[PDB]
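Student: File name run08.cif; file contents mmCIF, C-alpha atoms; full text below.
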data_protein
#
loop_
_atom_site.label_atom_id
_atom_site.label_comp_id
_atom_site.auth_asym_id
_atom_site.auth_seq_id
_atom_site.Cartn_x
_atom_site.Cartn_y
_atom_site.Cartn_z
CA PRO A 294 -2.30 -30.39 9.05
CA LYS A 295 1.27 -31.39 8.24
CA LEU A 296 4.39 -30.01 9.93
CA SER A 297 6.46 -31.26 6.93
CA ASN A 298 9.82 -31.06 8.76
CA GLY A 299 9.70 -33.93 11.24
CA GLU A 300 6.41 -35.62 10.34
CA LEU A 301 2.73 -34.92 9.76
CA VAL A 302 0.30 -34.30 12.62
CA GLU A 303 -2.64 -36.68 13.09
CA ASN A 304 -4.68 -35.24 15.97
CA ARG A 305 -4.66 -31.75 17.53
CA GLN A 306 -3.89 -32.74 21.13
CA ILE A 307 -0.15 -32.02 20.87
CA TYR A 308 -0.79 -28.33 20.13
CA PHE A 309 -1.42 -27.78 23.85
CA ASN A 310 2.04 -29.09 24.78
CA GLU A 311 4.19 -26.56 22.90
CA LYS A 312 4.15 -23.94 20.17
CA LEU A 313 4.73 -25.11 16.60
CA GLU A 314 6.22 -23.38 13.55
CA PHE A 315 5.10 -24.74 10.18
CA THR A 316 6.53 -24.58 6.66
CA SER A 317 5.92 -22.06 3.87
CA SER A 318 2.55 -21.52 2.19
CA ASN A 319 4.00 -22.93 -1.07
CA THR A 320 0.88 -22.36 -3.22
CA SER A 321 2.70 -24.39 -5.91
CA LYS A 322 4.44 -27.73 -6.55
CA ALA A 323 2.89 -31.06 -5.50
CA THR A 324 2.86 -29.88 -1.86
CA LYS A 325 0.00 -27.41 -2.26
CA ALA A 326 0.07 -26.52 1.47
CA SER A 327 -2.63 -23.80 1.43
CA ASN A 328 -3.59 -21.71 4.45
CA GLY A 329 -5.96 -22.98 7.12
CA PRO A 330 -9.41 -21.67 7.96
CA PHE A 331 -8.10 -19.57 10.87
CA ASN A 332 -4.69 -18.72 9.38
CA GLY A 333 -3.65 -15.35 10.78
CA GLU A 334 -7.14 -14.18 11.76
CA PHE A 335 -6.12 -14.02 15.45
CA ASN A 336 -3.75 -11.05 15.24
CA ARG A 337 -4.37 -8.78 18.25
CA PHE A 338 -5.86 -11.54 20.42
CA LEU A 339 -2.46 -13.15 21.00
CA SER A 340 -0.83 -9.81 21.82
CA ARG A 341 -3.35 -8.65 24.42
CA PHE A 342 -3.86 -12.15 25.83
CA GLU A 343 -0.13 -12.68 26.43
CA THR A 344 -0.11 -9.16 27.88
CA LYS A 345 -2.77 -10.32 30.34
CA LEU A 346 -0.87 -13.51 31.18
CA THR A 347 2.40 -11.63 31.77
CA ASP A 348 0.72 -8.93 33.87
CA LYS A 349 1.64 -8.84 37.56
CA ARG A 350 -1.57 -7.07 38.67
CA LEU A 351 -3.80 -10.14 38.21
CA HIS B 235 -21.55 4.49 14.12
CA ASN B 236 -19.34 3.74 11.11
CA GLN B 237 -17.38 7.00 11.37
CA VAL B 238 -16.86 6.47 15.12
CA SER B 239 -15.66 2.91 14.52
CA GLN B 240 -13.30 3.86 11.68
CA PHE B 241 -11.92 6.74 13.74
CA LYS B 242 -11.13 4.31 16.55
CA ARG B 243 -9.47 1.92 14.08
CA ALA B 244 -7.33 4.66 12.52
CA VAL B 245 -6.26 6.07 15.89
CA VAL B 246 -5.36 2.60 17.18
CA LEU B 247 -3.35 1.70 14.06
CA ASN B 248 -1.41 4.98 13.99
CA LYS B 249 -0.82 4.80 17.75
CA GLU B 250 0.57 1.26 17.60
CA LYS B 251 2.73 1.74 14.52
CA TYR B 252 4.12 4.95 16.01
CA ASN B 253 4.41 3.79 19.66
CA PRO B 254 5.39 0.11 19.39
CA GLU B 255 6.64 -0.35 22.96
CA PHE B 256 3.26 0.18 24.61
CA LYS B 257 1.19 -3.00 24.88
CA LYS B 258 -2.23 -1.98 26.22
CA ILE B 259 -2.19 1.05 23.90
CA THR B 260 -5.86 1.94 23.48
CA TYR B 261 -8.06 4.70 22.09
CA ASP B 262 -7.88 6.86 25.24
CA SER B 263 -4.13 6.33 25.73
CA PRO B 264 -2.25 9.68 25.93
CA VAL B 265 0.43 8.76 23.39
CA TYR B 266 1.44 10.82 20.36
CA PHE B 267 -0.72 10.03 17.34
CA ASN B 268 -0.88 12.45 14.42
CA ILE B 269 -3.98 13.50 12.51
CA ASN B 270 -2.60 13.99 8.97
CA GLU B 271 -2.15 10.23 8.57
CA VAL B 272 -5.65 9.73 10.00
CA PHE B 273 -7.13 12.21 7.50
CA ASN B 274 -5.36 10.51 4.59
CA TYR B 275 -6.49 7.12 5.93
CA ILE B 276 -10.11 8.32 5.89
CA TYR B 277 -9.60 9.79 2.41
CA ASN B 278 -8.31 6.51 0.98
CA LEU B 279 -11.13 4.56 2.63
CA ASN B 280 -13.57 6.84 0.78
CA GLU B 281 -12.32 5.67 -2.65
CA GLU B 282 -11.56 2.00 -1.95
CA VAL B 283 -12.18 -0.39 -4.86
CA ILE B 284 -11.80 -4.12 -4.22
CA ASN B 285 -10.50 -6.32 -7.05
CA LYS B 286 -12.92 -9.16 -7.82
CA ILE B 287 -10.86 -10.74 -10.63
CA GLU B 288 -10.75 -14.52 -10.35
CA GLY B 289 -7.47 -16.01 -9.21
CA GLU B 290 -5.83 -13.30 -7.12
CA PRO B 291 -7.56 -12.68 -3.76
CA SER B 292 -10.05 -9.87 -3.21
CA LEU B 293 -7.76 -6.95 -2.36
#
Could you write out this file's structure as structure tokens?

Tutor:
Amino acid sequence: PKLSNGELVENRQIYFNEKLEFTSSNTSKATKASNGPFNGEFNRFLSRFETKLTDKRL
Amino acid sequence: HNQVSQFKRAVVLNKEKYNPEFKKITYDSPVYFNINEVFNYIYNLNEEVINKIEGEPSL
């Protein structure tokens, strides 16, 4: 997995530190990019989970 | 089971796209959802044909 703006990413440990925004899906040129196995499958999970984290009842 | 599930899906989708502010907007939430869009949603699901042509994704 390559960030392609600053540098590529070797391990996955740094994902815990902060949120990351990647480049375009390309689907052309030498940089084929291509979506990951879990690309966009977690749609409602983020919404309700951040709703839980921001809730003041818990 | 399939009709119950699809009804829940349609109600949730219409509810969210019509009432975007609400976060925990669920199937029992008393927020305005309309039934004409739900009926058309069920109608289009009845005649869905997925494209299996190589290249472009299965849509």

Student: Padding 4 Å on each side, edges along x, y and z: where is the centre of the box around the listed atoms of segment 250-262 of chain B, and how long are its edges in Å to one decimal? Output it as JSON.

Tutor:
{"center_x": -0.7, "center_y": 1.9, "center_z": 20.4, "size_x": 22.7, "size_y": 17.9, "size_z": 19.7}

Student: Once the PyMOL selection byres ((chain A) within 9 of (chain B)) has been evaluated on this model, what residues remain selected, and can you format them as an NGL selection string?

Tutor: :A and (340-341 or 344)

Student: Would you kindly translate the PyMOL selection byres ((chain A and resi 295) around 12) into the concrete residues it picks from this file, as a list in words?

Tutor: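 Selection result, ordered by chain and number: residues 294, 296, 297, 298, 299, 300, 301, 302, 303, 304, 305, 313, 314, 315, 316, 317, 318, 324, 325, 326, 327, 328 and 329 of chain A.
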
Student: Take the PyMOL selection byres ((chain B and resi 268) around 12), run it mentally on this structure, and tell me the resulting residues as a count of residues only.

Tutor: 21

Student: Using Å and a single decimal, report how far atom CA of residue 260 of chain B sits from atom CA of residue 279 of chain B.

Tutor: 21.7 Å

Student: In Å to one decimal, how far is atom CA of residue 241 of chain B from atom CA of residue 255 of chain B?

Tutor: 21.9 Å

Student: What does the distance from atom CA of residue 333 of chain A to atom CA of residue 349 of chain A come to in Å, to one decimal?

Tutor: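 The value is 28.1 Å.
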